[PDB]
>>> print(open('final39.cif').read())   # mmCIF, N, CA, C and O atoms
data_model
#
loop_
_atom_site.label_atom_id
_atom_site.label_comp_id
_atom_site.auth_asym_id
_atom_site.auth_seq_id
_atom_site.Cartn_x
_atom_site.Cartn_y
_atom_site.Cartn_z
N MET A 1 0.84 -1.24 0.00
CA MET A 1 0.00 0.00 0.00
C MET A 1 0.86 1.27 0.00
O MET A 1 1.89 1.33 0.66
N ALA A 2 0.42 2.26 -0.76
CA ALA A 2 1.08 3.55 -0.86
C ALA A 2 0.07 4.67 -0.60
O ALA A 2 -1.15 4.49 -0.74
N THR A 3 0.57 5.84 -0.22
CA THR A 3 -0.21 7.07 -0.12
C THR A 3 -0.20 7.78 -1.46
O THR A 3 0.85 8.10 -2.03
N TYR A 4 -1.41 8.03 -1.94
CA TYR A 4 -1.64 8.81 -3.14
C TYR A 4 -2.20 10.16 -2.78
O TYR A 4 -3.07 10.29 -1.90
N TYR A 5 -1.71 11.20 -3.46
CA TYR A 5 -2.16 12.56 -3.27
C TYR A 5 -2.87 12.97 -4.53
O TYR A 5 -2.46 12.56 -5.62
N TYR A 6 -3.91 13.80 -4.42
CA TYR A 6 -4.67 14.20 -5.58
C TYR A 6 -5.03 15.67 -5.55
O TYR A 6 -5.20 16.28 -4.49
N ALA A 7 -5.20 16.17 -6.77
CA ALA A 7 -5.84 17.46 -7.04
C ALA A 7 -6.98 17.17 -8.03
O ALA A 7 -6.73 16.70 -9.12
N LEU A 8 -8.21 17.46 -7.61
CA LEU A 8 -9.40 17.20 -8.41
C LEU A 8 -9.94 18.49 -8.99
O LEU A 8 -10.15 19.45 -8.27
N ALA A 9 -10.16 18.49 -10.29
CA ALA A 9 -10.67 19.61 -11.03
C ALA A 9 -11.94 19.19 -11.77
O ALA A 9 -12.21 18.01 -11.96
N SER A 10 -12.68 20.18 -12.27
CA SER A 10 -13.70 19.91 -13.27
C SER A 10 -13.01 19.66 -14.61
O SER A 10 -11.94 20.18 -14.89
N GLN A 11 -13.65 18.86 -15.47
CA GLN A 11 -13.15 18.70 -16.83
C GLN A 11 -13.13 20.03 -17.58
O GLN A 11 -12.19 20.32 -18.28
N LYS A 12 -14.17 20.84 -17.37
CA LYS A 12 -14.27 22.16 -17.96
C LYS A 12 -13.07 23.06 -17.61
O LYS A 12 -12.44 23.69 -18.47
N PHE A 13 -12.71 23.08 -16.33
CA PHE A 13 -11.60 23.90 -15.87
C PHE A 13 -10.29 23.44 -16.44
O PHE A 13 -9.48 24.24 -16.94
N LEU A 14 -10.04 22.13 -16.35
CA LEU A 14 -8.75 21.66 -16.78
C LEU A 14 -8.54 21.89 -18.31
O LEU A 14 -7.43 22.11 -18.78
N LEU A 15 -9.64 21.92 -19.07
CA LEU A 15 -9.56 22.26 -20.50
C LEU A 15 -9.17 23.72 -20.79
O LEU A 15 -8.71 24.04 -21.87
N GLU A 16 -9.30 24.58 -19.78
CA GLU A 16 -8.83 25.96 -19.85
C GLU A 16 -7.41 26.13 -19.35
O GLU A 16 -6.95 27.26 -19.18
N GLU A 17 -6.71 25.02 -19.09
CA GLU A 17 -5.36 25.06 -18.53
C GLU A 17 -4.37 24.30 -19.44
O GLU A 17 -3.64 23.43 -19.00
N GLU A 18 -4.35 24.65 -20.72
CA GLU A 18 -3.45 23.98 -21.65
C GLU A 18 -1.97 24.10 -21.34
O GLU A 18 -1.27 23.10 -21.43
N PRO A 19 -1.49 25.29 -20.93
CA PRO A 19 -0.07 25.35 -20.55
C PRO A 19 0.24 24.33 -19.44
O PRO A 19 1.29 23.69 -19.48
N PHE A 20 -0.67 24.16 -18.49
CA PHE A 20 -0.49 23.16 -17.44
C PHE A 20 -0.39 21.74 -18.03
O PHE A 20 0.48 20.94 -17.63
N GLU A 21 -1.30 21.41 -18.92
CA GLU A 21 -1.25 20.11 -19.54
C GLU A 21 0.05 19.92 -20.30
O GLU A 21 0.59 18.82 -20.32
N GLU A 22 0.58 20.98 -20.91
CA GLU A 22 1.88 20.88 -21.58
C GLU A 22 3.01 20.61 -20.59
O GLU A 22 3.93 19.86 -20.89
N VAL A 23 2.94 21.20 -19.40
CA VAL A 23 3.92 20.92 -18.37
C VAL A 23 3.89 19.44 -18.01
O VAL A 23 4.94 18.82 -17.87
N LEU A 24 2.69 18.88 -17.89
CA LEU A 24 2.58 17.45 -17.55
C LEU A 24 3.13 16.58 -18.66
O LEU A 24 3.81 15.60 -18.40
N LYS A 25 2.82 16.92 -19.92
CA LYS A 25 3.40 16.17 -21.06
C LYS A 25 4.92 16.24 -21.03
O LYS A 25 5.60 15.22 -21.19
N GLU A 26 5.48 17.43 -20.82
CA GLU A 26 6.93 17.57 -20.75
C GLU A 26 7.52 16.80 -19.59
O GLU A 26 8.60 16.23 -19.71
N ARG A 27 6.79 16.74 -18.48
CA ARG A 27 7.27 16.00 -17.32
C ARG A 27 7.31 14.49 -17.63
O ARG A 27 8.28 13.83 -17.31
N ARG A 28 6.27 13.97 -18.28
CA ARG A 28 6.30 12.55 -18.71
C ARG A 28 7.49 12.27 -19.62
O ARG A 28 8.19 11.28 -19.46
N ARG A 29 7.70 13.14 -20.58
CA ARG A 29 8.79 12.96 -21.53
C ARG A 29 10.16 13.05 -20.85
O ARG A 29 11.04 12.23 -21.12
N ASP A 30 10.32 13.98 -19.91
CA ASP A 30 11.55 14.11 -19.14
C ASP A 30 11.82 12.87 -18.29
O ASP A 30 12.97 12.42 -18.17
N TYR A 31 10.76 12.34 -17.67
CA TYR A 31 10.92 11.12 -16.88
C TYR A 31 11.47 10.00 -17.77
O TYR A 31 12.37 9.26 -17.35
N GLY A 32 10.89 9.85 -18.97
CA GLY A 32 11.33 8.81 -19.88
C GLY A 32 12.81 8.99 -20.23
O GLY A 32 13.59 8.04 -20.20
N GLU A 33 13.19 10.22 -20.54
CA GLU A 33 14.56 10.52 -20.88
C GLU A 33 15.55 10.19 -19.75
O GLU A 33 16.67 9.77 -20.02
N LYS A 34 15.11 10.34 -18.50
CA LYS A 34 15.92 10.09 -17.31
C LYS A 34 15.75 8.66 -16.75
O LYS A 34 16.36 8.31 -15.74
N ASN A 35 14.93 7.85 -17.41
CA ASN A 35 14.62 6.50 -16.91
C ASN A 35 14.09 6.54 -15.48
O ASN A 35 14.51 5.77 -14.62
N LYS A 36 13.15 7.44 -15.26
CA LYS A 36 12.47 7.59 -13.96
C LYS A 36 11.06 7.04 -14.10
O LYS A 36 10.35 7.38 -15.04
N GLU A 37 10.66 6.16 -13.18
CA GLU A 37 9.31 5.60 -13.21
C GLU A 37 8.28 6.69 -13.03
O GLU A 37 8.41 7.52 -12.12
N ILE A 38 7.29 6.71 -13.90
CA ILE A 38 6.22 7.68 -13.83
C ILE A 38 5.49 7.46 -12.50
O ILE A 38 5.13 6.34 -12.16
N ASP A 39 5.32 8.54 -11.74
CA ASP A 39 4.66 8.49 -10.43
C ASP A 39 3.57 9.55 -10.32
O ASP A 39 3.21 9.96 -9.22
N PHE A 40 3.04 9.97 -11.46
CA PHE A 40 1.95 10.94 -11.52
C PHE A 40 1.13 10.60 -12.74
O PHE A 40 1.67 10.14 -13.74
N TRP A 41 -0.16 10.85 -12.65
CA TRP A 41 -1.13 10.43 -13.63
C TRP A 41 -2.30 11.40 -13.64
O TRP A 41 -2.66 11.97 -12.63
N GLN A 42 -2.94 11.52 -14.80
CA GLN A 42 -4.18 12.22 -14.91
C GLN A 42 -5.27 11.18 -15.12
O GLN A 42 -5.16 10.34 -16.03
N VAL A 43 -6.28 11.21 -14.26
CA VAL A 43 -7.35 10.21 -14.25
C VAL A 43 -8.66 10.92 -14.48
O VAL A 43 -9.07 11.76 -13.70
N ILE A 44 -9.34 10.57 -15.56
CA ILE A 44 -10.63 11.14 -15.89
C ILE A 44 -11.70 10.45 -15.03
O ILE A 44 -11.70 9.22 -14.90
N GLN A 45 -12.58 11.23 -14.43
CA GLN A 45 -13.67 10.71 -13.63
C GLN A 45 -13.20 9.61 -12.67
O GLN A 45 -13.69 8.46 -12.70
N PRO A 46 -12.29 9.95 -11.75
CA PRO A 46 -11.68 8.89 -10.94
C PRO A 46 -12.63 8.09 -10.06
O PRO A 46 -13.46 8.62 -9.33
N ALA A 47 -12.44 6.77 -10.08
CA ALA A 47 -13.19 5.88 -9.22
C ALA A 47 -12.87 6.05 -7.74
O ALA A 47 -13.66 5.72 -6.87
N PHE A 48 -11.69 6.58 -7.42
CA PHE A 48 -11.35 6.76 -5.99
C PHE A 48 -12.33 7.67 -5.26
O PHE A 48 -12.48 7.57 -4.04
N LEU A 49 -13.02 8.54 -6.00
CA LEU A 49 -13.92 9.48 -5.38
C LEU A 49 -15.11 8.82 -4.72
O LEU A 49 -15.78 9.46 -3.91
N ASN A 50 -15.37 7.54 -5.04
CA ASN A 50 -16.47 6.80 -4.42
C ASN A 50 -16.12 6.18 -3.06
O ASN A 50 -16.97 5.62 -2.38
N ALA A 51 -14.87 6.30 -2.63
CA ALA A 51 -14.44 5.70 -1.36
C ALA A 51 -15.08 6.46 -0.22
O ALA A 51 -15.16 7.68 -0.25
N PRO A 52 -15.52 5.76 0.85
CA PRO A 52 -16.15 6.47 1.96
C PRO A 52 -15.28 7.54 2.60
O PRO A 52 -15.82 8.57 3.03
N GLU A 53 -13.97 7.34 2.61
CA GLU A 53 -13.08 8.30 3.22
C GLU A 53 -13.01 9.60 2.43
O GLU A 53 -12.53 10.60 2.96
N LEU A 54 -13.51 9.60 1.19
CA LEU A 54 -13.50 10.77 0.32
C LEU A 54 -14.90 11.37 0.14
O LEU A 54 -15.17 12.17 -0.75
N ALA A 55 -15.82 11.02 1.05
CA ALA A 55 -17.18 11.47 0.91
C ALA A 55 -17.30 12.99 0.87
O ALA A 55 -18.14 13.50 0.14
N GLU A 56 -16.51 13.70 1.66
CA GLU A 56 -16.57 15.17 1.70
C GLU A 56 -16.16 15.73 0.34
O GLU A 56 -16.78 16.62 -0.21
N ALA A 57 -15.08 15.19 -0.21
CA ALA A 57 -14.63 15.60 -1.53
C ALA A 57 -15.68 15.35 -2.60
O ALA A 57 -15.95 16.22 -3.42
N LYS A 58 -16.28 14.17 -2.58
CA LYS A 58 -17.30 13.84 -3.58
C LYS A 58 -18.49 14.80 -3.48
O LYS A 58 -19.05 15.22 -4.49
N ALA A 59 -18.87 15.13 -2.26
CA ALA A 59 -19.96 16.08 -2.03
C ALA A 59 -19.70 17.49 -2.54
O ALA A 59 -20.62 18.25 -2.77
N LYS A 60 -18.43 17.85 -2.66
CA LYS A 60 -18.02 19.15 -3.19
C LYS A 60 -17.70 19.14 -4.69
O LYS A 60 -17.50 20.21 -5.25
N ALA A 61 -17.61 17.96 -5.32
CA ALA A 61 -16.95 17.80 -6.62
C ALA A 61 -17.81 18.22 -7.79
O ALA A 61 -19.03 18.00 -7.77
N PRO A 62 -17.16 18.72 -8.87
CA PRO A 62 -17.84 18.88 -10.17
C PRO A 62 -18.46 17.56 -10.68
O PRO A 62 -17.93 16.47 -10.38
N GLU A 63 -19.50 17.67 -11.49
CA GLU A 63 -20.15 16.49 -12.07
C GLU A 63 -19.18 15.72 -12.98
O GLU A 63 -19.16 14.46 -12.95
N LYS A 64 -18.46 16.43 -13.83
CA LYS A 64 -17.52 15.83 -14.76
C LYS A 64 -16.17 16.28 -14.23
O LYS A 64 -15.85 17.48 -14.28
N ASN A 65 -15.45 15.34 -13.64
CA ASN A 65 -14.23 15.67 -12.93
C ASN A 65 -13.04 14.88 -13.43
O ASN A 65 -13.17 13.93 -14.21
N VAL A 66 -11.86 15.30 -12.98
CA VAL A 66 -10.60 14.77 -13.46
C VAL A 66 -9.57 15.07 -12.38
O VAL A 66 -9.57 16.16 -11.82
N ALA A 67 -8.77 14.06 -12.03
CA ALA A 67 -7.75 14.24 -11.01
C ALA A 67 -6.35 14.16 -11.57
O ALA A 67 -6.04 13.34 -12.44
N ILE A 68 -5.47 14.96 -10.98
CA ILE A 68 -4.04 14.71 -11.06
C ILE A 68 -3.67 13.98 -9.78
O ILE A 68 -3.96 14.44 -8.67
N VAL A 69 -3.08 12.80 -9.94
CA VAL A 69 -2.76 11.89 -8.84
C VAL A 69 -1.27 11.66 -8.85
O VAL A 69 -0.67 11.48 -9.91
N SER A 70 -0.66 11.60 -7.68
CA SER A 70 0.75 11.25 -7.61
C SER A 70 1.09 10.66 -6.27
O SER A 70 0.47 11.00 -5.26
N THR A 71 2.11 9.80 -6.23
CA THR A 71 2.70 9.36 -4.98
C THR A 71 3.75 10.34 -4.46
O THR A 71 4.28 10.14 -3.39
N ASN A 72 4.01 11.40 -5.24
CA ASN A 72 4.94 12.46 -4.85
C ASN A 72 4.17 13.64 -4.31
O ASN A 72 3.56 14.40 -5.07
N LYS A 73 4.11 13.77 -2.99
CA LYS A 73 3.32 14.85 -2.36
C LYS A 73 3.75 16.23 -2.88
O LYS A 73 2.92 17.10 -3.09
N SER A 74 5.04 16.42 -3.05
CA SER A 74 5.48 17.75 -3.41
C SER A 74 4.99 18.15 -4.79
O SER A 74 4.76 19.33 -5.04
N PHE A 75 4.78 17.18 -5.68
CA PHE A 75 4.25 17.46 -6.99
C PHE A 75 2.82 17.97 -6.88
O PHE A 75 2.44 18.94 -7.53
N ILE A 76 2.02 17.36 -6.02
CA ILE A 76 0.64 17.81 -5.85
C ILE A 76 0.56 19.16 -5.15
O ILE A 76 -0.32 19.94 -5.45
N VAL A 77 1.50 19.47 -4.26
CA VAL A 77 1.56 20.79 -3.68
C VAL A 77 1.73 21.82 -4.81
O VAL A 77 1.04 22.86 -4.83
N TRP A 78 2.63 21.54 -5.74
CA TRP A 78 2.86 22.40 -6.90
C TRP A 78 1.60 22.51 -7.75
O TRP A 78 1.22 23.58 -8.16
N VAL A 79 0.95 21.38 -8.00
CA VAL A 79 -0.25 21.41 -8.83
C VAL A 79 -1.30 22.34 -8.21
O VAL A 79 -1.95 23.13 -8.92
N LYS A 80 -1.48 22.25 -6.89
CA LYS A 80 -2.46 23.12 -6.24
C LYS A 80 -2.09 24.59 -6.40
O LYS A 80 -2.94 25.43 -6.62
N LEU A 81 -0.82 24.93 -6.20
CA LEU A 81 -0.39 26.32 -6.28
C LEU A 81 -0.47 26.83 -7.72
O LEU A 81 -0.68 28.01 -7.94
N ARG A 82 -0.28 25.93 -8.69
CA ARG A 82 -0.29 26.30 -10.11
C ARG A 82 -1.72 26.48 -10.61
O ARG A 82 -2.01 27.42 -11.34
N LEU A 83 -2.62 25.57 -10.22
CA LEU A 83 -4.01 25.59 -10.71
C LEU A 83 -4.97 26.34 -9.83
O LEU A 83 -5.93 26.96 -10.35
N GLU A 84 -4.75 26.26 -8.52
CA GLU A 84 -5.57 26.86 -7.45
C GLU A 84 -6.99 26.35 -7.32
O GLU A 84 -7.41 25.97 -6.22
N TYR A 85 -7.73 26.32 -8.43
CA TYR A 85 -9.15 25.91 -8.38
C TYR A 85 -9.28 24.37 -8.51
O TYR A 85 -9.73 23.83 -9.52
N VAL A 86 -8.81 23.70 -7.46
CA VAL A 86 -8.81 22.27 -7.31
C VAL A 86 -9.10 21.90 -5.86
O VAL A 86 -8.74 22.64 -4.94
N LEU A 87 -9.70 20.73 -5.67
CA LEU A 87 -9.88 20.11 -4.35
C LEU A 87 -8.74 19.14 -4.16
O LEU A 87 -8.41 18.39 -5.07
N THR A 88 -8.09 19.14 -3.00
CA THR A 88 -6.94 18.26 -2.80
C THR A 88 -7.17 17.33 -1.62
O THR A 88 -8.01 17.58 -0.75
N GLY A 89 -6.41 16.25 -1.61
CA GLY A 89 -6.48 15.29 -0.52
C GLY A 89 -5.54 14.14 -0.76
O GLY A 89 -4.66 14.22 -1.61
N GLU A 90 -5.74 13.09 0.01
CA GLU A 90 -4.87 11.92 -0.07
C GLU A 90 -5.65 10.69 0.35
O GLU A 90 -6.68 10.79 1.01
N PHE A 91 -5.12 9.54 -0.03
CA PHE A 91 -5.73 8.26 0.32
C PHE A 91 -4.68 7.17 0.20
O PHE A 91 -3.70 7.31 -0.51
N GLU A 92 -4.88 6.06 0.91
CA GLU A 92 -4.03 4.90 0.79
C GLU A 92 -4.67 3.90 -0.20
O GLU A 92 -5.91 3.71 -0.24
N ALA A 93 -3.85 3.22 -0.98
CA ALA A 93 -4.34 2.21 -1.92
C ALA A 93 -3.22 1.25 -2.26
O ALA A 93 -2.05 1.63 -2.15
N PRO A 94 -3.55 0.03 -2.71
CA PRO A 94 -4.89 -0.49 -2.86
C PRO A 94 -5.57 -0.81 -1.55
O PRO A 94 -4.92 -1.23 -0.60
N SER A 95 -6.87 -0.64 -1.53
CA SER A 95 -7.73 -1.00 -0.41
C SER A 95 -9.04 -1.59 -0.98
O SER A 95 -9.27 -1.57 -2.20
N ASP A 96 -9.93 -2.05 -0.10
CA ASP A 96 -11.23 -2.52 -0.56
C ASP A 96 -11.97 -1.43 -1.31
O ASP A 96 -12.56 -1.69 -2.36
N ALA A 97 -11.93 -0.21 -0.76
CA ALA A 97 -12.66 0.90 -1.32
C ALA A 97 -11.98 1.46 -2.57
O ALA A 97 -12.66 2.03 -3.43
N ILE A 98 -10.66 1.34 -2.65
CA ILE A 98 -9.87 1.87 -3.78
C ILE A 98 -8.91 0.76 -4.27
O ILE A 98 -7.71 0.79 -3.99
N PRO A 99 -9.45 -0.23 -4.95
CA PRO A 99 -8.62 -1.32 -5.40
C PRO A 99 -7.65 -0.89 -6.50
O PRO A 99 -6.61 -1.51 -6.65
N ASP A 100 -8.01 0.15 -7.26
CA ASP A 100 -7.17 0.66 -8.33
C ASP A 100 -7.20 2.18 -8.26
O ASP A 100 -8.20 2.81 -8.63
N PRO A 101 -6.11 2.77 -7.79
CA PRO A 101 -6.12 4.21 -7.59
C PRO A 101 -6.27 5.01 -8.89
O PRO A 101 -6.64 6.19 -8.85
N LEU A 102 -5.96 4.39 -10.03
CA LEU A 102 -5.99 5.05 -11.32
C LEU A 102 -7.20 4.73 -12.18
O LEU A 102 -7.29 5.18 -13.31
N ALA A 103 -8.17 3.99 -11.63
CA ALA A 103 -9.34 3.60 -12.42
C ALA A 103 -10.26 4.79 -12.66
O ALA A 103 -10.44 5.64 -11.78
N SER A 104 -10.85 4.82 -13.85
CA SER A 104 -11.88 5.76 -14.24
C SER A 104 -13.25 5.12 -14.10
O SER A 104 -13.41 3.90 -14.28
N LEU A 105 -14.25 5.96 -13.84
CA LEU A 105 -15.63 5.47 -13.79
C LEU A 105 -16.26 5.43 -15.16
O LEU A 105 -17.33 4.86 -15.33
N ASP A 106 -15.59 6.03 -16.13
CA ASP A 106 -16.09 5.99 -17.51
C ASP A 106 -15.79 4.65 -18.17
O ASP A 106 -14.96 3.88 -17.69
#
>>> encode(input="final39.cif", output="structure tokens")
Amino acid sequence: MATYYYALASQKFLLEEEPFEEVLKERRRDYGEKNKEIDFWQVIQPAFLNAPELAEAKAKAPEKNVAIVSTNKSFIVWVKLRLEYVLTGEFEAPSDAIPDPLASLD
């Protein structure tokens, strides 16, 4: 089990943040160049939001949502400061409630 950190946005909002998405693309590409295991992901309509421990987040969330997830806390701190209009939190996985931290509900 690992701790995952997240920043949850609306799909609408994240579509207005193209420079941000370019930063994430460049970060993936840089990781590959450095032979660093990818430890951050963008998850459309994340299934983790259904976990009981995330009930407060789900109650606040956009209808069509998307998370930036990482096992690197400092990366999510940056994401929050860069995007601002996101809900943040953390969870442990795999668990009964979150068997796949990267699963989409779509």
>>> residues_around(input="final39.cif", residues="residue 2 of chain A", least_positions_apart="2", cutoff="8 Å", atoms="all atoms listed in the file", output="PyMOL selection string")
chain A and resi 4-5+70-71+90-95
>>> resolve_selection(input="final39.cif", expression="the PyMOL selection byres ((chain A and resi 48-54) around 7)", output="VMD selection string")
chain A and resid 45 to 47 55 to 60 90 97 to 98 100 to 105
>>> residues_around(input="final39.cif", residues="residue 66 of chain A", least_positions_apart="3", cutoff="6 Å", atoms="all atoms listed in the file", output="number ranges by chain")
A: 7-11, 43-46
>>> closest_residue(input="final39.cif", among="A:86, A:77, A:14, A:38", to="residue 61 of chain A", atoms="only C-alpha atoms")
A:86
>>> closest_residue(input="final39.cif", among="A:84, A:75, A:40, A:29", to="residue 13 of chain A", atoms="only C-alpha atoms")
A:84
>>> atom_distance(input="final39.cif", atom1="atom CA of residue 67 of chain A", atom2="atom CA of residue 1 of chain A")
19.6 Å
